[PDB]
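Undergrad: As input, take model.txt (compact mmCIF, C-alpha atoms):
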# COMPACT_ATOMS: atom_id res chain seq x y z
CA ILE A 1 -0.87 -0.54 0.51
CA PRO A 2 2.51 -2.30 0.70
CA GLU A 3 5.51 -1.91 -1.55
CA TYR A 4 5.17 -5.44 -2.89
CA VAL A 5 2.10 -7.51 -3.67
CA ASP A 6 2.19 -10.96 -5.24
CA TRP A 7 -1.08 -12.89 -4.96
CA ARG A 8 0.68 -16.09 -6.02
CA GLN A 9 2.49 -16.02 -2.67
CA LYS A 10 -0.87 -15.89 -0.91
CA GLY A 11 -2.32 -18.96 -2.64
CA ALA A 12 -4.79 -16.89 -4.70
CA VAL A 13 -3.59 -17.69 -8.24
CA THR A 14 -4.24 -20.88 -10.17
CA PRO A 15 -1.79 -22.33 -12.71
CA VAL A 16 -1.11 -20.42 -15.93
CA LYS A 17 -3.56 -21.19 -18.71
CA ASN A 18 -3.36 -21.16 -22.51
CA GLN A 19 -6.21 -19.54 -24.37
CA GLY A 20 -5.04 -21.16 -27.55
CA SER A 21 -6.00 -19.73 -30.89
CA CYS A 22 -9.35 -18.61 -29.46
CA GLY A 23 -9.81 -14.94 -28.66
CA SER A 24 -10.97 -15.78 -25.13
CA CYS A 25 -8.45 -13.70 -23.18
CA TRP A 26 -11.40 -11.66 -21.87
CA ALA A 27 -12.78 -14.78 -20.17
CA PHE A 28 -9.38 -15.91 -18.88
CA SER A 29 -8.77 -12.47 -17.35
CA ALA A 30 -12.18 -12.47 -15.65
CA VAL A 31 -11.70 -16.02 -14.36
CA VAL A 32 -8.30 -15.12 -12.88
CA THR A 33 -10.02 -12.40 -10.90
CA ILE A 34 -12.82 -14.72 -9.75
CA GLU A 35 -10.40 -17.44 -8.57
CA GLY A 36 -8.52 -14.73 -6.70
CA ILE A 37 -11.52 -13.17 -5.00
CA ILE A 38 -12.93 -16.60 -4.04
CA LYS A 39 -9.62 -17.47 -2.38
CA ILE A 40 -9.48 -14.09 -0.63
CA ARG A 41 -13.03 -14.42 0.73
CA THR A 42 -13.25 -18.17 1.47
CA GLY A 43 -9.69 -19.49 1.93
CA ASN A 44 -9.96 -22.08 -0.86
CA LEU A 45 -8.25 -21.81 -4.25
CA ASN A 46 -10.40 -23.35 -6.99
CA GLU A 47 -10.38 -23.24 -10.77
CA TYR A 48 -13.46 -21.86 -12.48
CA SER A 49 -14.70 -22.14 -16.02
CA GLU A 50 -13.41 -19.81 -18.71
CA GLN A 51 -15.50 -21.87 -21.15
CA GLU A 52 -18.71 -21.10 -19.28
CA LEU A 53 -18.13 -17.37 -19.70
CA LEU A 54 -17.09 -17.87 -23.30
CA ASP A 55 -20.33 -19.76 -24.05
CA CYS A 56 -22.73 -17.80 -21.88
CA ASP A 57 -21.65 -14.14 -21.94
CA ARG A 58 -24.21 -12.84 -24.43
CA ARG A 59 -22.52 -9.41 -24.50
CA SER A 60 -19.13 -10.85 -25.49
CA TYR A 61 -18.50 -12.50 -28.86
CA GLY A 62 -17.04 -15.88 -27.94
CA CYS A 63 -13.64 -16.35 -29.58
CA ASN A 64 -13.98 -13.11 -31.51
CA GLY A 65 -13.32 -11.16 -28.31
CA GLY A 66 -15.41 -9.87 -25.46
CA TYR A 67 -15.54 -7.82 -22.31
CA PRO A 68 -14.00 -8.82 -18.97
CA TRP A 69 -16.52 -6.52 -17.29
CA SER A 70 -19.38 -8.41 -18.93
CA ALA A 71 -18.02 -11.79 -17.83
CA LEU A 72 -17.62 -10.50 -14.31
CA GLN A 73 -21.21 -9.22 -14.41
CA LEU A 74 -22.33 -12.67 -15.58
CA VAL A 75 -20.59 -14.30 -12.62
CA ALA A 76 -22.18 -11.79 -10.25
CA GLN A 77 -25.73 -12.29 -11.55
CA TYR A 78 -25.70 -16.08 -11.97
CA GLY A 79 -22.45 -17.66 -10.86
CA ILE A 80 -19.74 -19.82 -12.34
CA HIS A 81 -18.89 -23.50 -12.46
CA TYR A 82 -15.64 -25.19 -11.58
CA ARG A 83 -13.24 -25.46 -14.47
CA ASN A 84 -13.33 -29.26 -14.34
CA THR A 85 -17.14 -29.29 -14.45
CA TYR A 86 -17.00 -27.04 -17.54
CA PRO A 87 -13.54 -27.43 -19.06
CA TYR A 88 -11.99 -25.20 -21.67
CA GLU A 89 -12.45 -26.35 -25.23
CA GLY A 90 -10.98 -23.40 -27.11
CA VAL A 91 -14.19 -22.95 -29.14
CA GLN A 92 -17.49 -21.28 -28.42
CA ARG A 93 -20.37 -23.70 -27.91
CA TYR A 94 -23.94 -23.39 -26.66
CA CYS A 95 -24.27 -22.13 -23.09
CA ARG A 96 -24.37 -25.22 -20.86
CA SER A 97 -24.58 -23.65 -17.37
CA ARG A 98 -28.15 -24.91 -16.93
CA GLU A 99 -27.01 -28.44 -17.83
CA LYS A 100 -24.06 -28.46 -15.45
CA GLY A 101 -25.92 -28.32 -12.18
CA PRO A 102 -25.81 -25.55 -9.58
CA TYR A 103 -23.11 -22.93 -9.92
CA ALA A 104 -19.93 -23.46 -7.91
CA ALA A 105 -19.42 -19.81 -6.91
CA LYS A 106 -21.21 -16.49 -7.25
CA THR A 107 -20.08 -12.91 -6.68
CA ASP A 108 -22.05 -9.81 -5.79
CA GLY A 109 -20.91 -7.41 -8.47
CA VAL A 110 -18.07 -5.91 -10.46
CA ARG A 111 -16.36 -2.60 -9.80
CA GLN A 112 -14.17 -0.63 -12.20
CA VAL A 113 -10.89 0.99 -11.29
CA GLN A 114 -10.59 4.66 -12.20
CA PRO A 115 -8.96 4.42 -15.66
CA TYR A 116 -5.61 5.98 -16.54
CA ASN A 117 -4.63 6.08 -12.86
CA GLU A 118 -1.71 3.92 -11.73
CA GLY A 119 -2.29 4.28 -8.00
CA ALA A 120 -5.96 3.41 -8.38
CA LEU A 121 -4.93 0.24 -10.16
CA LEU A 122 -2.31 -0.55 -7.53
CA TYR A 123 -4.90 -0.01 -4.81
CA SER A 124 -7.18 -2.61 -6.34
CA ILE A 125 -4.34 -5.09 -6.78
CA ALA A 126 -3.51 -4.77 -3.08
CA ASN A 127 -7.05 -6.02 -2.44
CA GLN A 128 -7.25 -8.68 -5.16
CA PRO A 129 -6.27 -9.76 -8.68
CA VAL A 130 -7.72 -7.29 -11.19
CA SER A 131 -8.71 -7.71 -14.82
CA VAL A 132 -6.67 -5.32 -17.00
CA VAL A 133 -6.21 -4.79 -20.73
CA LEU A 134 -3.14 -4.09 -22.81
CA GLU A 135 -1.66 -3.92 -26.30
CA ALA A 136 -0.28 -7.37 -27.09
CA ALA A 137 0.03 -7.00 -30.88
CA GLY A 138 3.63 -5.76 -30.83
CA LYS A 139 6.32 -8.35 -31.50
CA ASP A 140 8.21 -6.97 -28.50
CA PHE A 141 5.35 -8.06 -26.23
CA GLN A 142 4.70 -11.19 -28.27
CA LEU A 143 8.35 -12.32 -27.90
CA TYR A 144 8.80 -11.31 -24.23
CA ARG A 145 10.96 -13.78 -22.28
CA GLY A 146 11.56 -12.03 -19.00
CA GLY A 147 12.59 -8.97 -17.10
CA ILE A 148 10.65 -5.84 -16.43
CA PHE A 149 8.97 -5.10 -19.74
CA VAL A 150 9.00 -1.44 -20.80
CA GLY A 151 7.84 -1.97 -24.40
CA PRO A 152 8.08 -0.86 -27.15
CA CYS A 153 4.31 -0.90 -27.29
CA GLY A 154 1.48 1.46 -28.03
CA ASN A 155 -1.65 2.20 -26.05
CA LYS A 156 -3.90 0.25 -28.47
CA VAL A 157 -5.26 -2.30 -26.02
CA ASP A 158 -6.42 -5.59 -27.52
CA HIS A 159 -5.75 -8.30 -24.92
CA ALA A 160 -7.28 -8.95 -21.52
CA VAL A 161 -5.02 -10.30 -18.77
CA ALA A 162 -4.87 -10.13 -15.00
CA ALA A 163 -2.77 -8.09 -12.60
CA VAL A 164 -1.92 -10.29 -9.62
CA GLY A 165 0.74 -8.14 -8.00
CA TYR A 166 3.15 -5.27 -8.35
CA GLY A 167 6.44 -3.94 -7.13
CA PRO A 168 8.18 -0.59 -6.81
CA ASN A 169 8.67 -0.38 -10.56
CA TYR A 170 6.34 -2.93 -12.20
CA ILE A 171 2.89 -4.51 -12.23
CA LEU A 172 2.76 -8.31 -12.24
CA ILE A 173 0.58 -9.82 -14.98
CA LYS A 174 -0.81 -13.34 -15.35
CA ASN A 175 -1.17 -13.94 -19.09
CA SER A 176 -3.15 -16.74 -20.78
CA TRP A 177 -0.51 -17.89 -23.30
CA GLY A 178 0.67 -21.03 -21.51
CA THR A 179 3.49 -21.56 -19.07
CA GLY A 180 6.16 -21.19 -21.78
CA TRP A 181 5.59 -17.51 -22.48
CA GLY A 182 7.34 -14.80 -20.49
CA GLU A 183 8.30 -15.52 -16.88
CA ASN A 184 6.65 -18.94 -16.58
CA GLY A 185 3.58 -17.37 -18.14
CA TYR A 186 3.80 -14.03 -16.37
CA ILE A 187 5.03 -10.60 -17.39
CA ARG A 188 6.25 -7.78 -15.20
CA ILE A 189 5.36 -4.54 -16.93
CA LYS A 190 7.14 -1.32 -15.96
CA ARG A 191 5.12 1.17 -13.96
CA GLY A 192 5.96 4.65 -12.75
CA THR A 193 6.83 6.04 -16.20
CA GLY A 194 4.36 8.89 -15.84
CA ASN A 195 2.44 7.83 -18.94
CA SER A 196 -1.24 8.08 -18.01
CA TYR A 197 -2.26 5.37 -20.46
CA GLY A 198 0.17 3.06 -18.66
CA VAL A 199 2.89 1.08 -20.41
CA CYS A 200 1.05 -0.75 -23.23
CA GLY A 201 -2.16 0.97 -22.18
CA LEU A 202 -2.19 -1.06 -18.98
CA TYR A 203 -4.45 1.47 -17.21
CA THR A 204 -7.13 1.58 -19.91
CA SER A 205 -9.83 -0.73 -18.52
CA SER A 206 -9.67 -2.54 -15.19
CA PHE A 207 -12.41 -4.43 -13.39
CA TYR A 208 -12.59 -6.66 -10.37
CA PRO A 209 -15.39 -8.74 -8.86
CA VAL A 210 -17.01 -7.86 -5.57
CA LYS A 211 -18.04 -10.61 -3.16
CA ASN A 212 -19.05 -9.72 0.36
Take the structure in the file and write it out as structure tokens.
TA:
Amino acid sequence: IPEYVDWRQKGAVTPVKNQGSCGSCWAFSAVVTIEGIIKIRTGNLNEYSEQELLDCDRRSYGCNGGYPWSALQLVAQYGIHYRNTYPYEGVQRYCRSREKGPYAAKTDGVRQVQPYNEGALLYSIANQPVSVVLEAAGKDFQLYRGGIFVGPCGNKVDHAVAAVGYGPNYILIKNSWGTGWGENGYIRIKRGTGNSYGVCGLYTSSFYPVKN
């Protein structure tokens, strides 16, 4: 895999989103990875529905949190609608997939990266955007404006985001806090520190969709 990856440069990343007050980061993270894998496999960059996963992932808890792996499973076993067909409302509602016509895209499964393994995570990013988790509760993370973030932060992961690239000393993260947070909505988190958890627990739980 190469020294630099940045899926934005390869037209595989949609604009930065804002999850709002809703604890729907798990759905935003999954959707980032679906938009990426659909671009990689088909050549078209589309936006898909975080709200659909929020409403319909019966293993997640709506705005009280959820599981990126479960949302990616949901997209692999049914499919997902375009974001515009099923726009984000920032509140959990009744599942409306059946009422929104045929699904726009469908994947074939979801694989997990080996946890606590930086190279394994980098390997997946070189193939596609990956759903990752991290500790976002620290004010240092909350107030991040730019640069390669090294913390302070613990390994208490609580926030799902998406890794869309990396470099020799960082992993590139698409967050769901709007375009005004971080580096136009992104954070570069230091890698290569030798901490197996990853900086901010970044290596705790990583999933990506599979689409043949």
Undergrad: With distances taken over all atoms listed in the file, which of A:185, A:11, A:198, A:138 is nearest to residue 121 (chain A)?
TA: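 Comparing A:185, A:11, A:198, A:138 against residue 121 (chain A), the winner is A:198.
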Undergrad: Hey, what's within 7 Å of region 139-145 of chain A if we count only C-alpha atoms and toss same-chain stuff fewer than 6 positions away? As a VMD selection string, please?
TA: chain A and resid 151 to 152 181 to 183
Undergrad: For CA of residue 124 (chain A) and CA of residue 5 (chain A), quote the distance in Å rounded to one decimal.
TA: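 Taking CA of residue 124 (chain A) as the start and CA of residue 5 (chain A) as the end point, the length is 10.8 Å.
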Undergrad: Would you work out the distance separating CA of residue 206 (chain A) from CA of residue 133 (chain A), expressed in Å to one decimal?
TA: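 Value for the CA of residue 206 (chain A)-CA of residue 133 (chain A) distance: 6.9 Å.
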Undergrad: Identify which of the residues A:204, A:107, A:114, A:70 lies closest to residue 37 (chain A), counting only C-alpha atoms when measuring atom-to-atom distances.
TA: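 Going through A:204, A:107, A:114, A:70 one by one, the smallest distance to residue 37 (chain A) is for A:107.
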Undergrad: Have a look at A:76, A:56, A:27, A:32 and name the one nearest to residue 163 (chain A); count all atoms listed in the file.
TA: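 Closest to residue 163 (chain A), using all atoms listed in the file: A:32.
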Undergrad: Missing atoms in region 81-106 of chain A: can you complete it with N, CA, C and O atoms, as an mmCIF file, in the coordinates of the input?
TA:
data_model
loop_
_atom_site.group_PDB
_atom_site.id
_atom_site.type_symbol
_atom_site.label_atom_id
_atom_site.label_comp_id
_atom_site.auth_asym_id
_atom_site.auth_seq_id
_atom_site.Cartn_x
_atom_site.Cartn_y
_atom_site.Cartn_z
ATOM 1 N N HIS A 81 -19.208 -22.126 -12.781
ATOM 2 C CA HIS A 81 -18.890 -23.500 -12.460
ATOM 3 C C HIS A 81 -17.393 -23.705 -12.317
ATOM 4 O O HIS A 81 -16.579 -22.924 -12.814
ATOM 5 N N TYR A 82 -17.038 -24.795 -11.643
ATOM 6 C CA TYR A 82 -15.640 -25.190 -11.580
ATOM 7 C C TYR A 82 -15.127 -25.456 -12.980
ATOM 8 O O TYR A 82 -15.874 -25.864 -13.874
ATOM 9 N N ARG A 83 -13.831 -25.235 -13.161
ATOM 10 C CA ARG A 83 -13.240 -25.460 -14.470
ATOM 11 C C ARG A 83 -13.417 -26.895 -14.907
ATOM 12 O O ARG A 83 -13.713 -27.166 -16.073
ATOM 13 N N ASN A 84 -13.227 -27.844 -13.985
ATOM 14 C CA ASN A 84 -13.330 -29.260 -14.340
ATOM 15 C C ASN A 84 -14.755 -29.635 -14.726
ATOM 16 O O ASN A 84 -14.954 -30.486 -15.602
ATOM 17 N N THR A 85 -15.751 -29.032 -14.073
ATOM 18 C CA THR A 85 -17.140 -29.290 -14.450
ATOM 19 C C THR A 85 -17.423 -28.799 -15.869
ATOM 20 O O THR A 85 -18.273 -29.357 -16.568
ATOM 21 N N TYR A 86 -16.713 -27.763 -16.304
ATOM 22 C CA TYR A 86 -17.000 -27.040 -17.540
ATOM 23 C C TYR A 86 -15.657 -26.677 -18.153
ATOM 24 O O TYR A 86 -15.258 -25.508 -18.185
ATOM 25 N N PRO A 87 -14.930 -27.669 -18.660
ATOM 26 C CA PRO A 87 -13.540 -27.430 -19.060
ATOM 27 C C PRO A 87 -13.445 -26.625 -20.334
ATOM 28 O O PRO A 87 -14.410 -26.461 -21.082
ATOM 29 N N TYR A 88 -12.246 -26.102 -20.557
ATOM 30 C CA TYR A 88 -11.990 -25.200 -21.670
ATOM 31 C C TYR A 88 -11.783 -26.008 -22.932
ATOM 32 O O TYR A 88 -11.001 -26.962 -22.955
ATOM 33 N N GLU A 89 -12.486 -25.627 -23.981
ATOM 34 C CA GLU A 89 -12.450 -26.350 -25.230
ATOM 35 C C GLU A 89 -11.839 -25.515 -26.344
ATOM 36 O O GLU A 89 -11.547 -26.058 -27.414
ATOM 37 N N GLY A 90 -11.635 -24.216 -26.118
ATOM 38 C CA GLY A 90 -10.980 -23.400 -27.110
ATOM 39 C C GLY A 90 -11.879 -23.063 -28.281
ATOM 40 O O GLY A 90 -11.394 -22.589 -29.314
ATOM 41 N N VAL A 91 -13.191 -23.252 -28.119
ATOM 42 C CA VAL A 91 -14.190 -22.950 -29.140
ATOM 43 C C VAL A 91 -15.487 -22.599 -28.435
ATOM 44 O O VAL A 91 -15.823 -23.180 -27.400
ATOM 45 N N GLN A 92 -16.217 -21.639 -28.991
ATOM 46 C CA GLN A 92 -17.490 -21.280 -28.420
ATOM 47 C C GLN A 92 -18.527 -22.345 -28.764
ATOM 48 O O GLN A 92 -18.623 -22.799 -29.905
ATOM 49 N N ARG A 93 -19.313 -22.724 -27.769
ATOM 50 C CA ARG A 93 -20.370 -23.700 -27.910
ATOM 51 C C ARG A 93 -21.642 -23.080 -27.333
ATOM 52 O O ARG A 93 -21.664 -21.905 -26.938
ATOM 53 N N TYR A 94 -22.714 -23.861 -27.290
ATOM 54 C CA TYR A 94 -23.940 -23.390 -26.660
ATOM 55 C C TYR A 94 -23.752 -23.328 -25.150
ATOM 56 O O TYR A 94 -23.084 -24.175 -24.557
ATOM 57 N N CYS A 95 -24.331 -22.302 -24.538
ATOM 58 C CA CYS A 95 -24.270 -22.130 -23.090
ATOM 59 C C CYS A 95 -24.836 -23.351 -22.370
ATOM 60 O O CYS A 95 -26.001 -23.716 -22.560
ATOM 61 N N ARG A 96 -24.005 -23.982 -21.542
ATOM 62 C CA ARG A 96 -24.370 -25.220 -20.860
ATOM 63 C C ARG A 96 -24.439 -25.080 -19.342
ATOM 64 O O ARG A 96 -24.498 -26.102 -18.649
ATOM 65 N N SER A 97 -24.470 -23.852 -18.813
ATOM 66 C CA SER A 97 -24.580 -23.650 -17.370
ATOM 67 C C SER A 97 -25.787 -24.372 -16.784
ATOM 68 O O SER A 97 -25.689 -25.022 -15.738
ATOM 69 N N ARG A 98 -26.948 -24.241 -17.431
ATOM 70 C CA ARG A 98 -28.150 -24.910 -16.930
ATOM 71 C C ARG A 98 -27.973 -26.423 -16.874
ATOM 72 O O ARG A 98 -28.513 -27.074 -15.973
ATOM 73 N N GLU A 99 -27.229 -27.001 -17.815
ATOM 74 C CA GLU A 99 -27.010 -28.440 -17.830
ATOM 75 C C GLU A 99 -25.891 -28.904 -16.921
ATOM 76 O O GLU A 99 -25.689 -30.116 -16.802
ATOM 77 N N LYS A 100 -25.195 -28.013 -16.229
ATOM 78 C CA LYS A 100 -24.060 -28.460 -15.450
ATOM 79 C C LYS A 100 -24.321 -28.369 -13.958
ATOM 80 O O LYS A 100 -23.382 -28.414 -13.155
ATOM 81 N N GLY A 101 -25.578 -28.300 -13.568
ATOM 82 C CA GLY A 101 -25.920 -28.320 -12.180
ATOM 83 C C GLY A 101 -25.745 -26.939 -11.571
ATOM 84 O O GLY A 101 -25.460 -25.958 -12.264
ATOM 85 N N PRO A 102 -25.902 -26.852 -10.253
ATOM 86 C CA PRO A 102 -25.810 -25.550 -9.580
ATOM 87 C C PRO A 102 -24.426 -24.938 -9.694
ATOM 88 O O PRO A 102 -23.414 -25.642 -9.753
ATOM 89 N N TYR A 103 -24.384 -23.610 -9.738
ATOM 90 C CA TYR A 103 -23.110 -22.930 -9.920
ATOM 91 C C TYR A 103 -22.207 -23.169 -8.712
ATOM 92 O O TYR A 103 -22.672 -23.353 -7.585
ATOM 93 N N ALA A 104 -20.898 -23.178 -8.967
ATOM 94 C CA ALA A 104 -19.930 -23.460 -7.910
ATOM 95 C C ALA A 104 -19.665 -22.238 -7.037
ATOM 96 O O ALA A 104 -19.473 -22.384 -5.825
ATOM 97 N N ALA A 105 -19.688 -21.043 -7.625
ATOM 98 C CA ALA A 105 -19.420 -19.810 -6.910
ATOM 99 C C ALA A 105 -20.235 -18.692 -7.539
ATOM 100 O O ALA A 105 -20.598 -18.753 -8.713
ATOM 101 N N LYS A 106 -20.481 -17.649 -6.761
ATOM 102 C CA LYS A 106 -21.210 -16.490 -7.250
ATOM 103 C C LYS A 106 -20.663 -15.265 -6.544
ATOM 104 O O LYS A 106 -20.389 -15.312 -5.343
#
